[PDB]
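Asker: Pasting a structure below so you can have a look.
We place every Cβ from the backbone using ideal geometry, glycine too, and count neighbours over all the protein chains shown. Every number in this text was worked out from the coordinates using simple rules, so none of it is lab data.
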Amino acid sequence: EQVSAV
Amino acid sequence: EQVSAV
Amino acid sequence: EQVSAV
Amino acid sequence: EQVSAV
Amino acid sequence: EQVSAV
Amino acid sequence: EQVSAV
Amino acid sequence: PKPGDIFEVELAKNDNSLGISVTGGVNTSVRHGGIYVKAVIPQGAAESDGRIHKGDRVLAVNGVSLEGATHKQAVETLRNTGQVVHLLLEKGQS
Amino acid sequence: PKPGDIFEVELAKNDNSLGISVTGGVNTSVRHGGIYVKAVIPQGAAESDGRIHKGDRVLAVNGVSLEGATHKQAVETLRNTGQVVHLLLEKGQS
Amino acid sequence: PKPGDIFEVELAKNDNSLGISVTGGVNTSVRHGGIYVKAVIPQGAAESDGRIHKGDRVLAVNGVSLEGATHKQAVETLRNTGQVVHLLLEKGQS
Amino acid sequence: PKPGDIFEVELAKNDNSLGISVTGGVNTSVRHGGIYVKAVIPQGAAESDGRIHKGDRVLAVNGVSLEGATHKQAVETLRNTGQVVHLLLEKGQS
Amino acid sequence: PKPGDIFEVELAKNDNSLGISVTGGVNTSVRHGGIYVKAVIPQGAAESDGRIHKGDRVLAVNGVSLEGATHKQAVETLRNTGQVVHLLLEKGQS
Amino acid sequence: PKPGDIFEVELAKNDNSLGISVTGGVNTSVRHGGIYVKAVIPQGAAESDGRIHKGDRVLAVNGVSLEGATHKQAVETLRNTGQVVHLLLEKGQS
């Protein structure tokens, strides 16, 4: 459920 | 627990 | 005969 | 039409 | 003894 | 002067 | 590549970003705890390059496996990189 | 390699075997459902080559990921190969 | 790989053969004068490995391009090799 | 490389260009319908890198073969890329 | 990598620099006449990437060996490069 | 390759030998203490493959550098290998 920008 | 020869 | 820039 | 084994 | 920046 | 087979 | 195939990309950042968002990690409910591409950002590096798509799995970064990584660990690994980044991926299904 | 590093090996069979036993798969209780080297067989291919050891994880075979593989699937993938096999691994901890 | 993709294989011979037949060359009527896999021989090296199929194009052998090769030249290049051979291919359409 | 050898380059663009002009394609009268480097642009990426020269043939871009490509197709493939581009080449004769 | 292992890096310059200083050459008193990383510059490309450290040996640049190179020759080879540079290294001991 | 270029070979043994003799090491009077191919044995693996010649330098074996190796150390490294061996070389001058 965790989405992160890279 | 399954070990197989390759 | 066609030359293009890339 | 030439086919060769390698 | 020679050190250079690259 | 040393030559070895590998 | 077809689904399941390994592939690798040397990706140059744009605006100091790879241009993807990632989801997953051993601590999440995402498939296998793996690290997946959730989206490809418009005009970003990944999009422009064209090899990485939503659903691709990231296996390694600059030669180091993301196996066992928490979400936070994997994200840090992806961010703690230079301007060009070596990524190892598994092709997902579209 | 140090633990966690990706590496690859082109391994020639001996006696039609890679010389390893493997454990794991999405259906087992082994770490993450991954495919791991359980043992390296004396005088076998892996031993003689010297790069693969117990605890290494197999990520792919001949360009195809072992992700999501059951035990039986991964074993079939490893067996359904020619005399020389490309393997992609993550270095384990000794 | 999907059609059009580049891939590479380290192939070990069986019975001193790669286990394929090839067609084409700059002197033939085959597509583009390219070198293509016409068949994969039962029980041979290519078959057992499983990565090369009929219709794949061979681009290079042991780092040397087959471009401009006559049929006879390409065949000699493929034969004038050791027990394991590096091949560079383009995936064909099945 | 010597003439005929395969080589690969990860090339970073300058001014959003690879710094080469290309000629050829299946629809032209250039050798074999292949895609060749016609010139290397002063101060551009290819020149600065120093590995690509006039007469080199481009075989693939970001893992996709340029075989069968028209001129327009190959040019689009070369342009439809990110800031760093993987190129597969055959060394030409100087 | 562990000490003694070969590794390779595609490194993008920052400020037109790789972000390292190098020492050695066949004409110096440094170990074996080899080319070594003497320091990694703060905020520079090598530091940000994180794979190259003080004590690593540079074996080749863009496919060309630095063997036999004087200090001045190796430095010129390292400088006479584009924005992204392929480097081949041996891991040093920390 | 041309002289000075890096290249790599996956070489299958014949008669449990690579088919070369080597000279050099940090303890000898051979150029730089490097490990060089002194001869290629008739009908042996290296000869049949055709990529390695007298004067080529061996830089690494199965991912491990031969830098600093004594003659005896390098020879042991070359012998303590499986049936197929990854070699990293610098092309010599003919």
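Asker: Using a 10 Å cut-off on Cβ to Cβ distances, tally the other chain neighbours for every residue of K:64-76 and report the average as a whole number.
Answerer: 4
Asker: Taking beta carbons within 10 Å but only from partner chains, what does the mean come to for residues J:54-63? Please report the intermediate quantities before stating the final value.
Answerer: On the way: counts 0, 0, 0, 3, 1, 7, 6, 3, 7, 10.
So the per-residue partner count for this stretch is 4.
Asker: What average count of beta carbons from other chains do you get within 10 Å of the Cβ of residues in J:7-18?
Answerer: The shielding value for this peptide is 4.
Asker: Among J:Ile52, G:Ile35, L:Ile41, rank each residue by its count of other Cβ atoms within 10 Å, from fewest to most, as a rough exposure measure. Could you put the intermediate results ahead of the total?
Answerer: Working: J:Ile52 23, G:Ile35 30, L:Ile41 17.
In order of increasing Cβ crowding within 10 Å: L:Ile41, J:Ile52, G:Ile35.
Asker: In debye, nearest 20, what is the charge dipole magnitude of the protein assembly as shown about its Cα centre with +1 on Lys and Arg Cβ and -1 on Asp and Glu Cβ, if you could check? Don't jump to the answer; show the numbers that get you there.
Answerer: Numbers: 60 positive and 66 negative charges, 0 e Å.
Charge dipole of the protein assembly as shown: 0 debye, to the nearest 20.
Asker: So, one more: Classify segment I:1-43 as rounded, prolate or oblate from the Cα gyration tensor: take a ≥ b ≥ c as the square roots of its eigenvalues, call it rounded if a/c is under 1.5, otherwise prolate when a/b beats b/c and oblate if not.
Answerer: It is oblate, given that a/c is not under 1.5 and a/b is not larger than b/c.
Asker: Using the Cα atoms of chain L, I'd like the radius of gyration and the largest Cα-Cα distance, Dmax, both in angstrom.
Answerer: 12.0, 31
Asker: Averaging sequence separations of C-alpha pairs under 8 Å and six or more residues apart, then dividing by the length of segment G:8-94, give the relative contact order as a whole percent.
Answerer: It rounds to 35 percent for segment G:8-94.
Asker: First check a/c for the protein assembly as shown, with a ≥ b ≥ c the square roots of the eigenvalues of its C-alpha gyration tensor; if it is under 1.5, answer rounded, and if not, answer prolate when a/b is larger than b/c or oblate otherwise. The partial results should precede the final answer.
Answerer: Details: a/c = 1.00, a/b = 1.00, b/c = 1.00.
Verdict is rounded for the protein assembly as shown.
Asker: Sticking with this structure for a sec: In debye, nearest 20, what is the charge dipole magnitude of chain K about its Cα centre with +1 on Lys and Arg Cβ and -1 on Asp and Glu Cβ, if you could check? Walk me through the numbers on the way to the answer.
Answerer: Values: 10 positive and 10 negative charges, 55 e Å.
Result for chain K is approximately 260 debye, rounded to the nearest 20.
Asker: So which of J:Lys13/J:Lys54; J:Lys38/J:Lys72; H:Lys91/K:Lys2; G:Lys13/I:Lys91 end up more than 21 Å apart, counting from Cα to Cα?
Answerer: G:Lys13/I:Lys91
Asker: Considering only the label points, 7 Å along Cα→Cβ from Cα, what distances in nm to one decimal separate H:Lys2 from the same position in each other copy, shortest first?
Answerer: Counterpart label points of H:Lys2 in the remaining copies fall at 1.2, 3.9, 3.9, 4.0, 4.1 nm.
Asker: Here is a further query. Which single residue of chain G puts its beta carbon nearest to the axis of rotation relating G to I, and what distance, in whole Å, does that give?
Answerer: G:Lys2, 3
Asker: Please give the calculated 222 nm ellipticity per residue for the protein assembly as shown, where each DSSP H segment of at least 4 residues contributes -39500 (n - 2.57) and the sum is spread over every residue; nearest 500 deg cm²/dmol?
Answerer: Result for the protein assembly as shown, helices only: -3500 deg cm²/dmol.
Asker: Using unit Cβ charges (K, R positive; D, E negative) and no other charged atoms, how large, in debye to the nearest 20, is the dipole of segment G:1-43 about its Cα centre?
Answerer: 200 debye
Asker: Between copies, how close do the L:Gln43 label points come, placed 7 Å along Cα→Cβ, listed in nm from shortest?
Answerer: Result, one decimal in nm: 2.6, 2.6, 6.3, 6.7, 6.9.
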